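In: this one's experimental. Sequence and coordinates below.
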Amino acid sequence: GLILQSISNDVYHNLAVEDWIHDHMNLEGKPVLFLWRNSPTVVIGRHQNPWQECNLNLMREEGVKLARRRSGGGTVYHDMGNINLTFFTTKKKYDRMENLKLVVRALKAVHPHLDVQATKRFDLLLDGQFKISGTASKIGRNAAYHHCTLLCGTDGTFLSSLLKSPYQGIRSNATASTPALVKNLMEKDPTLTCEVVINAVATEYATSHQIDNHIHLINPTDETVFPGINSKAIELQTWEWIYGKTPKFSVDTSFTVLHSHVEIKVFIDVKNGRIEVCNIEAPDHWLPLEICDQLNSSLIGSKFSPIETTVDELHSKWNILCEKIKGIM
Ligand SMILES: Nc1ncnc2c1ncn2[C@@H]1O[C@H](COP(=O)(O)OC(=O)CCCC[C@@H]2CCSS2)[C@@H](O)[C@H]1O
Ligand SMILES: [Mg+2]
């Protein structure tokens, strides 16, 4: 076996490590535990819709990153109070429940008789009620990996707010997340910091696999240790990967503009993250049909993105309309 810990807090490089080990490491008789922490990041599953899963506006104005991982499943929040664990094995040795049991041992080592259980859907629940860990996994040609979270000191009130989407009128068959009551380990026992739990998990893994209790710190940007890793990190951070992989969806919504008032109806089909069909319908007593048709036509093929939409009475109405549209992206 082998225990690695990333020195980086950049989700995209840390995910690239997963890709890399998956692609390049011989895991036969040598499983790998990989420990990592990210800066503030919402991580959606492979087949998810981020407009459906999080408050993107609040994320942008707080500097919270969005990443899409290669495994399926739901949406979680990562910050420095959260530990990520990746158990790499051969496909034959893929065993999610074995890994979760190992984590339970580790937690009990630093807090004897901690009430943490693993459920059938691979969550870890604290005191039979509160989610402290969620699981996903990926199978490849040469390897399997199981990764999970571990909430030690994560901003729980901030977590809940970032994962509450304000986007209305979305019709999609993208993968849904499963909301849960969560808790931190440090809420139960203030000694269970990330550092303490990381060490506890490494120690347990070392004993379980009969290897030296040594964490090898690794640099996920090092092309000499990990040839080709920076191209993986680039791909993972492309708009095409993060947003463009979103399953087909439609938006059917409206908003009101002061004038009394005027209601504008918005019908937008979004495919591959790009505006495939666009019909913004303003009352022709407020804005000429040709002007709305201009706006609809210019949006076609454009990215469903609040950036790629910015670029006397009518000009003022246009701006109000553009800003409302920006606000749903
Ligand atoms: N960090 C973290 N840990 C545990 N639970 C969380 C977290 N963030 C949010 N949640 C709660 O879980 C649900 C989502 O649960 P759901 O079951 O829908 O999704 C998951 O658990 C997926 C886990 C993915 C783990 C990967 C590991 C390396 S990269 S991300 C969310 O609505 C909140 O209630
Ligand atoms: Mg789970």
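Out: Received, thanks. Numbering: from 1, shown residues only. Ligands and ions are numbered 1, 2, ... in the order given.
In: and the stretch 101-250 of the chain, which of its residues are near ligand 2?
Out: 122-123, 134-135 (Cβ under 5 Å from the ion). All C-beta atoms are positioned from the backbone trio N, CA, C, and that covers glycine.
In: just among these, which is most surrounded?
Out: Counting neighbours by other Cβ atoms under 10 Å, residue 134 comes out on top of these with 23 neighbours.
In: ok, now which ones touch it?
Out: Shown in contact with residue 134 (Cβ atoms under 8 Å, 6 or more residues apart in numbering): 73-74, 76, 122-123, 148-149.
In: hang on, the earlier thing: the residues of the stretch 101-250 of the chain next to ligand 2 in strands, which ones?
Out: residue 135 (DSSP state E).
In: assign the residue lying farthest from the centre of the chain to helix, strand or coil.
Out: Most distant residue from the mean C-alpha position of the chain: residue 285, 43.6 Å away (Cα atoms, centre = their mean). Reduced to three states with DSSP: H, G, I helix; E, B strand; the rest coil, the structure at residue 285 is coil.
In: from residue 260, how far out is it?
Out: Look at residue 285 and residue 260: by Cβ to Cβ, to the nearest Å, they are 11 Å apart.
In: next one: residue 44
Out: 41 Å.
In: which one's more surrounded, those two?
Out: Set residue 44 next to residue 260 and count neighbours by other Cβ under 10 Å: residue 44 wins out with 25 against 4.
In: state the distance from the more buried one to ligand 2.
Out: Separation of residue 44 from ligand 2 (Cβ to the ion, to the nearest Å): 14 Å.
In: just put the residues of the stretch 101-250 of the chain next to ligand 2 in JSON lines and tack on distance to residue 114.
Out: Shown next, in JSON lines, are those (distance: Cβ to Cβ, whole Å):
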{"residue": "122", "distance to residue 114": "18"}
{"residue": "123", "distance to residue 114": "15"}
{"residue": "134", "distance to residue 114": "18"}
{"residue": "135", "distance to residue 114": "19"}
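In: near ligand 1, list only the ones from the residues of the stretch 101-250 of the chain next to ligand 2.
Out: When contact is defined as Cβ under 6 Å from any ligand atom, these meet ligand 1 at 134-135.
In: can you tell me which of the residues of the stretch 101-250 of the chain next to ligand 2 is nearest residue 68?
Out: residue 134 (15.6 Å; Cβ to Cβ).
In: dump the residue contacts of the spatially most central residue of the chain.
Out: Nearest to the mean C-alpha position of the chain, counting by Cα atoms, centre = their mean, stands residue 43 at 0.7 Å. Contacts for residue 43 (Cβ under 8 Å, 6+ apart) come out as 11, 67-69, 75-78.
In: and the furthest pair within those?
Out: Pairwise distances across the contacts of residue 43 peak at 14.2 Å for 68 and 77 (criterion: Cβ to Cβ).
In: compare those two and say which is more crowded by neighbours.
Out: Shown here are residue 68 and residue 77; by other Cβ under 10 Å, residue 77 has more neighbours (26 against 22).
In: helix or strand: which one has the more buried one?
Out: According to DSSP states H and E, residue 77 maps onto strand 76-78.
In: does ligand 1 have contacts with that strand?
Out: Yes. Counting by Cβ under 6 Å from any ligand atom, ligand 1 is contacted by strand 76-78 at 76-78.
In: neighbours around residue 140, how many?
Out: Neighbours around residue 140, by other Cβ under 10 Å: 12.
In: surely it meets residue 20?
Out: No. In terms of Cβ atoms under 8 Å, residue 140 does not count as a neighbour of residue 20; the distance is 11.5 Å.
In: one step back: quick one: strands adjacent to the strand holding residue 77?
Out: Within its sheet, strand 76-78 is paired with strand 41-44 (antiparallel), according to DSSP bridges.
In: off-centre distance for the helix or strand that the strand it pairs with is followed by?
Out: Next helix or strand after strand 41-44 toward the C-terminus (DSSP H and E): helix 50-53. Its chain's C-alpha centre and that of helix 50-53 lie 10 Å apart, by Cα atoms, centre = their mean, to the nearest Å.
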